[PDB]
Structures are given as structure tokens and as C-alpha cells.
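Asks: Once you've had a glance at the structure underneath, I'll fire off some questions.
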Amino acid sequence: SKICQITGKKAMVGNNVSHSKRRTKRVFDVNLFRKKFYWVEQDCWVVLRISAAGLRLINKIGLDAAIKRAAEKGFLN
Amino acid sequence: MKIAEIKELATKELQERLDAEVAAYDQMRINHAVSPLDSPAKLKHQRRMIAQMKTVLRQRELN
Amino acid sequence: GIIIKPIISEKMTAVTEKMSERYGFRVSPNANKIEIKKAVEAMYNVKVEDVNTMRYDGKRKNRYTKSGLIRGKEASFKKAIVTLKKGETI
Amino acid sequence: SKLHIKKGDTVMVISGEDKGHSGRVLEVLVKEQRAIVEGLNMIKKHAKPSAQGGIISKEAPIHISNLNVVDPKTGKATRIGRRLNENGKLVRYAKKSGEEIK
Amino acid sequence: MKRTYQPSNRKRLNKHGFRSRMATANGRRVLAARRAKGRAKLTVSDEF
RNA sequence: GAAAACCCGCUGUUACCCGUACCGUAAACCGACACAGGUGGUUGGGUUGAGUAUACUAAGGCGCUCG
RNA sequence: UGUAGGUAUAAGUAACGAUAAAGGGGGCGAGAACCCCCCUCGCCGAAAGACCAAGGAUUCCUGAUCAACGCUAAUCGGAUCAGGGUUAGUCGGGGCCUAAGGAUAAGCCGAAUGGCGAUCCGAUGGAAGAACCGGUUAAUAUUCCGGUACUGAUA
RNA sequence: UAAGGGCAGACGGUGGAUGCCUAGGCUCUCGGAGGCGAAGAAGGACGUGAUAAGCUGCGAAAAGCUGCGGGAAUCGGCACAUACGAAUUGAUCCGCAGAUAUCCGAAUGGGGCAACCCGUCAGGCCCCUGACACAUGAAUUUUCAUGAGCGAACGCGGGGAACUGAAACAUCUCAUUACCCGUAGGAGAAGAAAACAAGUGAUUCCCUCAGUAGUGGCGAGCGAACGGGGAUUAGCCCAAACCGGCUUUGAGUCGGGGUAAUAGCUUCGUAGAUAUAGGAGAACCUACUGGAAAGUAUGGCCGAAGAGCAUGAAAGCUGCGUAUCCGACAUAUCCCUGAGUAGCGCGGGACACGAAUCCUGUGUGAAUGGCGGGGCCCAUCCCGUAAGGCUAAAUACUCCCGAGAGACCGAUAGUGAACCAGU
Ligand SMILES: [K+]
Ligand SMILES: [K+]
Ligand SMILES: [K+]
Ligand SMILES: [K+]
Ligand SMILES: [K+]
Ligand SMILES: [K+]
Ligand SMILES: [K+]
Ligand SMILES: [K+]
Ligand SMILES: [K+]
Ligand SMILES: [Mg+2]
Ligand SMILES: [Mg+2]
Ligand SMILES: [Mg+2]
Ligand SMILES: [Mg+2]
Ligand SMILES: [Mg+2]
Ligand SMILES: [Mg+2]
Ligand SMILES: [Mg+2]
Ligand SMILES: [Mg+2]
Ligand SMILES: [Mg+2]
Ligand SMILES: [Mg+2]
Ligand SMILES: [Mg+2]
Ligand SMILES: [Mg+2]
Ligand SMILES: [Mg+2]
Ligand SMILES: [Mg+2]
Ligand SMILES: [Mg+2]
Ligand SMILES: [Mg+2]
Ligand SMILES: [Mg+2]
Ligand SMILES: [Mg+2]
Ligand SMILES: [Mg+2]
Ligand SMILES: [Mg+2]
Ligand SMILES: [Mg+2]
Ligand SMILES: [Mg+2]
Ligand SMILES: [Mg+2]
Ligand SMILES: [Mg+2]
Ligand SMILES: [Mg+2]
Ligand SMILES: [Mg+2]
Ligand SMILES: [Mg+2]
Ligand SMILES: [Mg+2]
Ligand code: NA
Ligand code: NA
Ligand code: NA
Ligand code: NA
């Protein structure tokens, strides 16, 4: 249950494909990390387990709006 | 005693008769084992009458 | 009514001819000594001194049908040897 | 299902070794649908001495479809139906003469 | 010669008893399969 | 060359629950058997002996379920 | 070298499971090498005697029965049927405590099912408050009976 | 002389073949129904009878208790039973509604080796008892409803083989199968064009198109769509522009419920019926054979009834029934226009397709008539209007209930199980 709390991204299942077209099962993993954020609106510090895409969304539209949108989409819990 | 007679009680004499009949049934059960009764159907009669009394008491308490 | 039936047997007859204040009952397996005592006081209007108990499991028996054989069991019970106060009988 | 005969009725044997003989119903065995008719279908049972023994003569049951209710007008062993003549209560009546059976 | 079966009631109930079967998901799978087959005895807790 | 509870200084009335039969170096347990096997602990008299070895023998138990 | 059931052949043959061993007199009985009583003989005796535990689960005692079971017969039996039999304040266990280990809390990890993770559980260990001499059953006895005691609560 | 033996016949034994029989199976049709459970389930333990209970039923009120409706003489369940009782003042039995319902089990006061051990708090009895409460997670405001577990098939989703085929084998196949896991409902899923096409007009299912177009170590193989004919037919609702009210925050930015209105072109200024008990329901004599007629032969009768089952042999007229008609006290059912978006690079996947369409792990990233699609890429043309949502019908299945059927089986068959069978 390592899922990005902002975007909901989880690991994907795919194939390693060799030059002779041999196919082996594999996982594409999320670029996931825990980061501490300063929430200005509440003037607090919150630790979020997020992906780099989630960090991009936060840097685009602000942390408060991103948190509200993730909560309304059900990713945050 | 019969169903009509039991239903024509007063919910206090009925309770007193309930304990009295329970004790009497215990005595007859103990006595029938020592001496086999001529008519053991009195035991069935008393058991059914105790069940009837408890039924009527439950009816009166519930409604 | 935890008391099921009195015990009529040679051993009970011998102990009652010896002591005469001792009586054996067969009762439900889950009734302990205090309730056995209160029950015999209620059922016989006597004062009780001491109670001794022992648990019996049912005998295994062989029910015989037309074709073959079935294995069955008798019910379990509890023995209760009851000592009345010196002066009273049952 | 309610039966066309009952204890205390007088019936007539319409088939069997006792064909053409009338008697009184003593007991009805509803589960196997047989009845005991007084004096009819005698059997000799061998009984060991128990509560002197011997050879007891007794009555053996007859299947109820071999028995018909006797008409109380000519004793002709009619068929019966049911109607509500007696104050609307269902009663048994003979078909050969229309008279009720009491 | 020591044979394979060396009885011990505590070990029997620890290894195959009703509570040990109910502890895990696969033990509950075993219980469901035995109930579906209709076995008169469900675990070793039944025997006496 | 365990731990924790615990334990130190800081005159009547009563007495609850379960087991208790029987086998258990075995004909009753584990070996498909009334199977020459396996099964943890205690006790184990007298003479002889270093001995709980060996031989004989009390108490006790057996003569091994075809002749 | 097919399957189930039944029946043959080898054949009245192999075998009847430790070479510790038996003889006689009475009893009961339709029937006795084998059952019951007595005398004599032999075997074990740091056991093949007496106890605790695990395991078994009525096999324990008594009366009937000898069909099947017992590697023979059986009047006998750990066999069939019925009846009877196990008695605790002090014995053992449990109620109390923890070990290995196990399940979990706060948290951590992880497609799912789930995996980890210090308080609880968990004896094979620690604590347990407290007697006896005599009798007594066909079958129980430190448990039942009589004497001598002890120990914990409660008013 | 036959000790013994051979062949045949007769009669026996053993064994259980065959023939005949059976409601025990098998496959279906039609109509319902599609769950049970914290008000304690499925499945169990222990009890319960006049006499031990092996099944069945029931639960300390224990083969059982109460009321209403039906009905009329026996009844007190079964494994070949006697006793003793109940019952026309209406038992037993059937329909509907109630009462009681021990212990374990999601098990939920704490533990535990299932059916057991140990508790706390409020009362009541009286060291011991019977009756309360005492779990956890999620909406929620400590009051409240909801959930947990089990269970046929059908649905959706997350993971996901190998044997095998290719006459070896690795791409490919087997197969987005088996299996594991999660989670619904009576169905589910899908569904109202940024669509197909070169005029049609939302989904779903059937017949064709067609083993065609394609795809493929162009091998083995895989395999559409458009169109046509049918079953069924159905379309709607938000976000914003805009109009008002409120709170908060720095005339003004948010967050709330109300109005306004959403597009191939807009907007804004039923109660009777049915079901679950029931009531009536036609018509046969004589002789023969036989243990026994329902058979045979005469002679009659009914038929909106000549289906069937039972009865001492094969019955329209012996019994239960059948055709037809009647019947319910309850209880159920019926100016604005969706942004980490379109698009793009790298690595992969699903699509019939093994690299146009659709999806995304990683890195980027617009437009507001524009944009997207028509099988690589550009231009013209045509079609449509993405980044919000809901939606019946025609379709799939049977643990169960009811009514039926078979050129299906007849005890080594048919289910493993006709009986003591998951024994
Ligand atoms: K005592
Ligand atoms: K005891
Ligand atoms: K020994
Ligand atoms: K061979
Ligand atoms: K004897
Ligand atoms: K739907
Ligand atoms: K008729
Ligand atoms: K008849
Ligand atoms: K008929
Ligand atoms: Mg026996
Ligand atoms: Mg502690
Ligand atoms: Mg002993
Ligand atoms: Mg011994
Ligand atoms: Mg041995
Ligand atoms: Mg022997
Ligand atoms: Mg020693
Ligand atoms: Mg010595
Ligand atoms: Mg020696
Ligand atoms: Mg061979
Ligand atoms: Mg030879
Ligand atoms: Mg041999
Ligand atoms: Mg020999
Ligand atoms: Mg034991
Ligand atoms: Mg003996
Ligand atoms: Mg013999
Ligand atoms: Mg015996
Ligand atoms: Mg502890
Ligand atoms: Mg210990
Ligand atoms: Mg003894
Ligand atoms: Mg023959
Ligand atoms: Mg009650
Ligand atoms: Mg009535
Ligand atoms: Mg619990
Ligand atoms: Mg190949
Ligand atoms: Mg004749
Ligand atoms: Mg015949
Ligand atoms: Mg079969
Ligand atoms: Na022992
Ligand atoms: Na000869
Ligand atoms: Na509990
Ligand atoms: Na009728």
C-alpha cells in the first residue's frame, strides 16, 4: 500500500522485452518519497508520502488546493 | 387445571400456583423413579400444565 | 430441579443401614455442592451437614438394528452422597 | 383424508373370501387403510404360554375398499356421499336410497 | 522399534485443533471445504 | 552457571471447581495381531561379593491358550 | 500381467509366535490336558515383584450366555447382554507468575490474502495456604467411619 | 475282484446370475425467488420420552406451549412393541400469527487446548446462585443507525502458470485459461458520439456479413468491423457565465446551501385479484375359472369425468381421485464552455493485430472559433464537440420453492450414496 497521496499513482505491471522478444514480468515502480511540507493556511508542518508528479502538481497549484482536491478525490486517506 | 381455568387467574394466585405446581412436579418425578406409578401420564399432564402457566404469565407480562 | 433420581442399590442400602443419616441422589452434572444442598433442603425440609460428589460419564453401548450395529452413549450424571444432621431421615 | 367408514358403523364385505357378509366395524387402521369387522376374516394364531397360550381364533383386518356402508333401507351395501342436510353440518347419506346414515 | 505415531493430546490440539484452524485464512478454507463435503468430524477436536 | 510473581526493610459459621474405577518394562500405550520390538521417573529384602555384576532364594508374581 | 463378486488348486500341506515344565487328587458339568480348590514340581526375584506420569477409555465387580472373537477344546475370558462401581478445606491439578515461542498496542512494510512490531498468553520451571492412627467393600479410600489435629476466609 | 477313477442321467448342496419389481437417481421445461446474520447466522456440542435412545423433532416452557381459521374420530414420529393416557364440552392433523429457545461458533467483558476457565460495575437473593451491562471499526454527534461472518451459479476487478501445439524450440500457442484474492445485485457490466463511414445515428443480445479484411518464426495458428435482418426501445442531470442571502479573509478574494441551465451553438444582458388450509363431485349386476376377479362371457349405466394410484390377478361405474363448480378469520405479494488535461520524448500494455486507435511507469506540456478523428506524414474535404455524472428493456445463472416431462437408468446400472453414506 505505497500509493501517492496526492495523485493516487501505484505500481504498474509490465514486461522486460529482450532483443529476441523474450518477455519477462516486471513492475514499473512509482517515484515515491516522504517529504515534509509547510502548510501556510494552517501554519503547520505535514509529512506527505507523494510522488514527483504529485510534487509537480503541488508546485503548480499550491499545497492547500492540492490537498483539498486529493481529499475530494479520495487519494489522501 | 385447564387452559380456560388458568387464563381465568389473577396474576398473583397464578404465580403462587406456578411455584406450587413446580414443587409438586419435582416431588412426583422423584417418586416415580423409586416406585413406578400406575398412571405415569400425570407427569406429562403436570409438565404440560407448567408450560401452559408460564405461557400465560409471559402473555400477561408482555401485553 | 437438579435432582434426577434417588440411588437404590446394595451399596446405598448398606451405607444407610450403617449410618441412617446418609442418602444418595443422582443429579445434573453441572450442579455444585451448595445448590445440591439447597435443593435437597427445599425438596425434603431437612437440615444438611455435608455433601460428597462424583462425576460419571455415560456408558458406551451398542445399539443393534436389523442390518448391523450402531455405537451410542448413555447420558452423563453426577452422584451426590448427602449427609443429614444427626436425628433426621428421608 | 376422511374415510367412508368409521368405528361403530355396519359394513358389508363386497370382495374376498367373506363376500356377501355384514358386520360391525371394531377398529380402523388409518395408516394402512384397513379395518376390523366383527366376526369376519378369522385367523388361528399360535401363541406360546405367557401373560397358558394355545390356538386363539381372532379377527384379521380387511382393506377398507372391500367394505361398503350398509343401506338402512334394504341392506344392499351402497355407496355414500356427503351433504349438508343436518342444519348445514356435513353428514353421510346413502346413494341407493337417499337416507342419511346415523 | 520406535514408530512414527507418538501420541500427545496437547500437541494434537496445538497442531490440528479448531482454534488453530480458525487462526489463519487457509485453515478456514480447510474448514469450509470439510463443511461443504459434509464431514461428520470437522477437526480433531471432535473425536473422543 | 533463567525470569517474574511473591516475601522483607521504604467464640460461631464455614470452606467452591476438576481428577480419583482399571491397564500402564504392558493381552488394555505405539507397532494391522492376545506381535520375541519400543516406552520417561521412583522403589527394589537375604546369602555371596568391590558392586545395582554373578549364582541361589524370601515377599510377590508366573509355568509364556494346542496336545 | 484388464475390474467386482463367488468358488477352486497347491492340501488336510506350512503353521498354531521364545525349549521357564509339569504330575496327581477332589469339585462343578451333558461334555474337561486346559475352568475352580488342595498337595507336589519348576521359572523370575535391580524382576517377569511394588509405585508416579504419558497414552488408553469401562477393559474394573457381579449375574446370565458359549452364536462370533480366543491360532485347540472350554463349564473359562481383557468375549456378548444387563446390573453395579470411582466420595477430598489438607492428595494431584487448576485458579497466581514468568521462559522459549505465539498473538497483538503505538507505529513500520506491502497488487490482494497479509508480514513485522513492547502488554497479554504460554510449563517442561517458581509460589501454593493445611494431619493422622486404626477399621471398612464384590468393586473406592490420606476421599467413607471412629479417635488426634492443622489451615484460610467470614460474623 | 473294483481299492480308486472315467462318462451320462436323476436328485441335492453352495453361490447369487437372470427375469419381474421399485421414487432412488439422470436430463430438462414452465413459473417464482435469489439470500441468512450483532434482535446473534451457517455448522456443531449437550440435553429432552413410561421404558436405553440410533435417527427425527424440540430447547430447562425441551417428540413440545397460545390464539384465530379449516375439519370430524381417533390419537400419543420412525427403526415389524406393549403399557398408560388424551379426545364429539371437538383431541390428533392442516393454514396463518405468536411464546420459549441451554453452550460453542463472526463470538463481541478478559483469556482458551471450540462447546471451557476467570472477572468488574449496578441491583436481587444469600461463601453460592438467577437476571443487566461491560468488543472493535467506520458515518456521526457521549444518545443514534451501519458494518464484520457464512453461503450455489451468474457479474465486475487485482494477480496469474505449466503440461501441450508448432511433429525439436526461444517469437508465437495453450490462455488475458486453471488457480489464488477482493467485492455487488436480482441481475451485473455497457450506454446517449471530440461515433461510424465515404448516407446511418445511445447501449445490450440473436442470425448474417465471414473463416472474409487483416494478422502471423506470413509457420502452427489467430481472426474482426461496416452494412443488412431481428429482439427491445428512452432519455436525462450537473460545473461555469448570471441573479440574490450568509460566514470568514485581506469596494473586493474565498467557502456554503437557493435560483438561473447546459450545448452541432446553447446560454448570459391500483385494489381487487393471486398465493399459502379446504367443500361438493356421475355411473354395475349375473354366470364361469380361480386361494382371491378388477379377467372372460352376457346384460346395463355415466361421461365437460375413458389421467392416475391402491384394492388378494388387468376396474370409466370398490376406495382415494379425475372433469367441472365453489371457498379465506388473519398474513403476505402484485461574456461563459470540465488543465498537470490535449499533445510530445523514453519504456511497456490492451486492442483480431507479434509496433492507426485507447491506457500509463517515467520526464514534459498548450489552445478558447479552437480542438479531435477518417491506419504512418502534409494540404483540401467530411464528421464530431474530450478532459463531469445517471439511466429501464431485450442478455447470463439455479443453492432453493411449486407444477410437469422423457423412443433416460432399474440395485456391479443410475449420484460416491434406493439401505446405517460422505457413514
Ligand atoms: K465429607
Ligand atoms: K471431587
Ligand atoms: K514390573
Ligand atoms: K505376467
Ligand atoms: K459366570
Ligand atoms: K448499471
Ligand atoms: K366418486
Ligand atoms: K377393493
Ligand atoms: K375406482
Ligand atoms: Mg460391553
Ligand atoms: Mg506482571
Ligand atoms: Mg486406584
Ligand atoms: Mg499395575
Ligand atoms: Mg508385548
Ligand atoms: Mg499368547
Ligand atoms: Mg534408585
Ligand atoms: Mg541384593
Ligand atoms: Mg542379575
Ligand atoms: Mg503373475
Ligand atoms: Mg506337499
Ligand atoms: Mg509362520
Ligand atoms: Mg509342522
Ligand atoms: Mg489418562
Ligand atoms: Mg475381569
Ligand atoms: Mg474356539
Ligand atoms: Mg465380563
Ligand atoms: Mg501473566
Ligand atoms: Mg509444571
Ligand atoms: Mg482396586
Ligand atoms: Mg443344481
Ligand atoms: Mg425460562
Ligand atoms: Mg380449533
Ligand atoms: Mg475475545
Ligand atoms: Mg513441440
Ligand atoms: Mg369357483
Ligand atoms: Mg399375483
Ligand atoms: Mg451404486
Ligand atoms: Na503409571
Ligand atoms: Na469307483
Ligand atoms: Na467471551
Ligand atoms: Na370431497
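Each row is one residue, and each column tells you yes or no for (1) charged (D, E, K, R); (2) surrounded by 12 or more Cβ atoms within 10 Å (Cβ to Cβ).
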| site | (1), (2) |
| --- | --- |
| D:24 | yes, yes |
| D:33 | no, yes |
| D:51 | no, no |
| D:56 | no, no |
| D:64 | no, yes |
| D:76 | yes, yes |
| D:90 | no, no |
| D:101 | no, yes |
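Asks: Report whether or not residue B:27 is within 14 Å of chain C (Cβ to nearest Cβ), under 23 Å from residue C:39 (Cα atoms) and not small (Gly, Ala, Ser).
Replies: yes
Asks: Let me ask something else about it. One residue is enough: does segment C:65-86 have a residue meeting the conditions within 16 Å of ligand 10 (Cβ to nearest atom) and under 19 Å from residue B:33 (Cβ atoms)?
Replies: Yes, segment C:65-86 has at least one match.
Asks: Tell me, yes or no, whether segment C:76-87 has at least one residue that is within 15 Å of RNA strand H (Cβ to nearest atom) and either part of a loop (DSSP other than H, G, I, E, B) or of a type in the set (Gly, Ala, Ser) (or both).
Replies: Yes; the residues of segment C:76-87 include at least one that is within 15 Å of RNA strand H (Cβ to nearest atom) and either part of a loop (DSSP other than H, G, I, E, B) or of a type in the set (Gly, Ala, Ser) (or both).
Yes or no, residue by residue, for (1) β-branched (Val, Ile, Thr); (2) exposed (fewer than 10 other Cβ atoms within 10 Å of the Cβ); (3) under 21 Å from residue C:28 (Cα atoms):
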| residue | (1), (2), (3) |
| --- | --- |
| B:12 | no, yes, no |
| B:15 | no, no, no |
| B:24 | no, no, yes |
| B:30 | yes, no, yes |
| B:43 | no, no, yes |
| B:57 | no, no, no |
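Asks: Test of understanding: among D:38, D:59, D:27, D:32, which residue is among the charged types (D, E, K, R) and within 16 Å of ligand 8 (Cβ to nearest atom)?
Replies: That would be D:32, the only listed residue that is among the charged types (D, E, K, R) and within 16 Å of ligand 8 (Cβ to nearest atom).
Asks: So, in segment C:5-36, of the ones that are in contact with a helix residue (DSSP H, G or I) (Cβ under 8 Å, 6 or more places away or on another chain) and within 14 Å of chain B (Cβ to nearest Cβ), which residue ends up surrounded by the most Cβ atoms within 10 Å (Cβ to Cβ)?
Replies: C:25
Asks: Further question on the same structure: Of all residues in segment C:62-87, which are β-branched (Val, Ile, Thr) and in contact with a strand residue (DSSP E or B) (Cβ under 8 Å, 6 or more places away or on another chain)?
Replies: C:70, C:81, C:82, C:83
Asks: Taking the condition of a type in the set (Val, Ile, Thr) and touching a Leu at 6+ places or on another chain (Cβ under 9 Å), does residue B:34 pass?
Replies: The answer is no for residue B:34.
Asks: Right, another one. Out of segment D:52-90, which residues are within 9 Å of RNA strand H (Cβ to nearest atom) and either part of a strand (DSSP E or B) or touching a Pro at 6+ places or on another chain (Cβ under 8 Å) (or both)?
Replies: Selection gives D:62, D:63, D:67, D:68, D:69, D:80, D:81, D:82, D:83, D:84, D:89, D:90.
Asks: For residue B:62, indicate whether it is out of contact with any helix residue (DSSP H, G or I) (no Cβ under 6 Å at 6 or more places or on another chain), surrounded by 10 or more Cβ atoms within 10 Å (Cβ to Cβ) and away from chain C (no Cβ under 11 Å).
Replies: no
Asks: Please determine, by comparing only the residues of segment C:67-90 that are of a type in the set (D, E, K, R) and within 15 Å of ligand 2 (Cβ to nearest atom), which one is nearest to the chain's Cα centre (by Cα).
Replies: Only one residue tops the list, namely C:79.
Asks: Pull up segment C:40-60, narrow it to residues that are among the polar types (S, T, N, Q) and part of a strand (DSSP E or B), then point me to the one that is nearest to RNA strand F (Cβ to nearest atom).
Replies: The extreme case among them is C:53.
Backbone-built Cβ (ideal geometry, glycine too); neighbour counts: all protein chains shown. A short reminder: the numbers here are calculations on the coordinates, not readings from a lab.
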